[PDB]
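The structure under discussion appears below in the form of structure tokens.
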Amino acid sequence: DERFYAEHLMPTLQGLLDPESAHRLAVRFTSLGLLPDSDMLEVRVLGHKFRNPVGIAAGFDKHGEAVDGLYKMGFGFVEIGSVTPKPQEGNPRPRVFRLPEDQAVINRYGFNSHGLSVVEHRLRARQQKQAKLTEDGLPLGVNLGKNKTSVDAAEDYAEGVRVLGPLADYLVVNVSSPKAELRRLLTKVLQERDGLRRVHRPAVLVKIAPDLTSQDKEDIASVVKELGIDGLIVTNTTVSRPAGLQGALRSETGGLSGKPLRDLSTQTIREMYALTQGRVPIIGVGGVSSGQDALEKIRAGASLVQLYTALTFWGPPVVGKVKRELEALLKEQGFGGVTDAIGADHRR
Ligand SMILES: Cc1cc2nc3c(=O)[nH]c(=O)nc-3n(C[C@H](O)[C@H](O)[C@H](O)COP(=O)(O)O)c2cc1C
Ligand SMILES: Cc1c(C(=O)Nc2c(F)c(F)c(-c3ccccc3)c(F)c2F)c(O)nn1C
Ligand SMILES: O=C(O)c1cc(=O)[nH]c(=O)[nH]1
Ligand SMILES: [Cl-]
Ligand SMILES: [Cl-]
Ligand SMILES: [Cl-]
């Protein structure tokens, strides 16, 4: 199955369809269930149980259309979004580009979004089914964005907390799509979160870019610890273009994802974990396509990982591949389970 998808099915789909069409078709098949975990992999973090540490990253299911199909694919948690307060169309097409020679993607969707109300009703339609999933170790995250024309960014995020916070196990404030300002924004987000009833009160995480200065990262770490933010997601796509990219489309505007981002992300995880003294959970994301990629991020300080771009090259079988390879490496390196490996590089 893994070799069939990787060598025949996916490159044939890649040859027939532009990338955005292929993505919409993938969302449709996934939402319909048309698709091909040991105790070692279980993680307790963010007030929840995660049956395995491999999640689908924000951007694949922007509108909350495919959540149950994504669990069926084998992900330990699903993050939907980003969702903006009002519906908006995003940038003109084409707005996403494959770099097959680099195992990379560049995108400038621009927060195309069905908007909070539509996503609210979509998640309400399965709210009790989610409550059982979460209880069974399959939590749901909701990533919040802001409309293009908004004047008050904090009020857009506050709206998302009030509308989708009650349906989420965790919320993501994505201030990273391609110090006192951040403190102001996050104080307002956390106040809105704390005003939700306890059974409907999610964890709040901040998702950051890999393109931050050292000053930026220091200031983020300080605010996150000061305010009691529950976690970090590290990282979004990069607006850098590392030397060595071969794809003809490498100079398209947008955020770069996939293998060229991987170690830039891992190093950002490493720094943020050290700057927060290992006390702030990190979801690590960027260029994960194997168990080794996942364990490097875990050893660098991630309690959980996500992927997206690998799914677009290798198809659904990549999820089970990453999990199988991660379990094998954990045993080889003598860890009793994922939990013991979190942050392990910092104890050498
Ligand atoms: C097509 C595409 C769309 C994305 N949209 C978003 C988004 O709406 N919100 C967000 O926080 N990140 C989004 N991302 C970033 C991913 O969540 C992730 O941080 C990044 O792609 C690195 O992971 P990867 O290398 O495994 O793809 C998007 C990524 C891609 C490739
Ligand atoms: C976002 C994206 C995809 C994408 O998502 N492709 C894709 C996928 F991510 C899938 F997961 C499947 C799939 C295959 C079988 C069953 C269910 C889903 C698929 F066909 C796909 F094209 C792609 O090829 N390019 N870009 C930018
Ligand atoms: O354009 C988008 O919607 C988008 C792209 C991306 O790479 N990251 C993000 O947060 N939003
Ligand atoms: Cl459009
Ligand atoms: Cl393309
Ligand atoms: Cl509710």
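If you use my numbering, the sequence shown corresponds to residues 367 to 714, in order. Beta carbons are placed, not taken as given, at the ideal position from N, Cα and C, and that holds for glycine.
- Item | Limits of the beta strand (DSSP E) - the one that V541 falls within | Looking at the DSSP string, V541 is not in any beta strand (DSSP E), and its letter there is neither H nor E.
- So the alpha helix (DSSP H) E486 belongs to, where does it begin and stop? 482–490
- Tell whether a beta-carbon distance below 8 Å holds between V539 and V572. yes
- Inter-residue Cα distance where the pair is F463 and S606: 16 Å
- Beta-carbon separation of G442 and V420 under 8 Å? yes
- Task: Output the boundary residues of the beta strand (DSSP E) element that contains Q557.
- Result: From DSSP, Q557 is part of no beta strand (DSSP E) but of the alpha helix (DSSP H) over 546–560.
- Query: Can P458 be considered in contact with ligand 4, in the sense that its beta carbon sits closer than 7 Å to one or more heavy atoms?
  - Reply: yes
- Task: Report all residues from its chain with a CB closer than 7 Å to the CB of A534; omit the five preceding and five following residues, and keep chain order.
- Result: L506, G507, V508, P568
- Item | the region 664–681 / the region 636–656 touching (three or more Cβ pairs under 8 Å) | yes
- Euclidean distance between Cα positions of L611 and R563: 49 Å
- For the region 589–648, list the alpha helix (DSSP H) runs that are entirely contained and at least 4 residues long, ordered along the chain. 628–641
- Query: For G440 versus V685, is the C-beta distance shorter than 8 Å?
  - Reply: yes
- Item | For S623 and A470, believed in contact at Cβ under 8 Å, the rounded distance | 7 Å
- Task: On the DSSP bridge assignment, give the partners of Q454 in chain order.
- Result: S479
- Query: Is there contact between the region 486–506 and the region 451–465, where contact requires at least three CB pairs shorter than 8 Å?
  - Reply: no
- Message: Please determine whether the Cβ atom of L382 lies at a distance below 7 Å from any heavy atom of ligand 5.
- Response: no
- Message: When you compare the region 682–696 with the region 390–406, are there three or more beta-carbon pairs, one atom per stretch, that lie closer than 8 Å?
- Response: yes
- List the whole-angstrom C-beta distance separating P458 from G481, where the pair is believed to meet the contact cut-off of C-beta under 8 Å. About 19 Å; that fails the 8 Å criterion.
- Residue nearest to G621 in terms of C-alpha spacing, selected from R474, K512, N418, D427: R474
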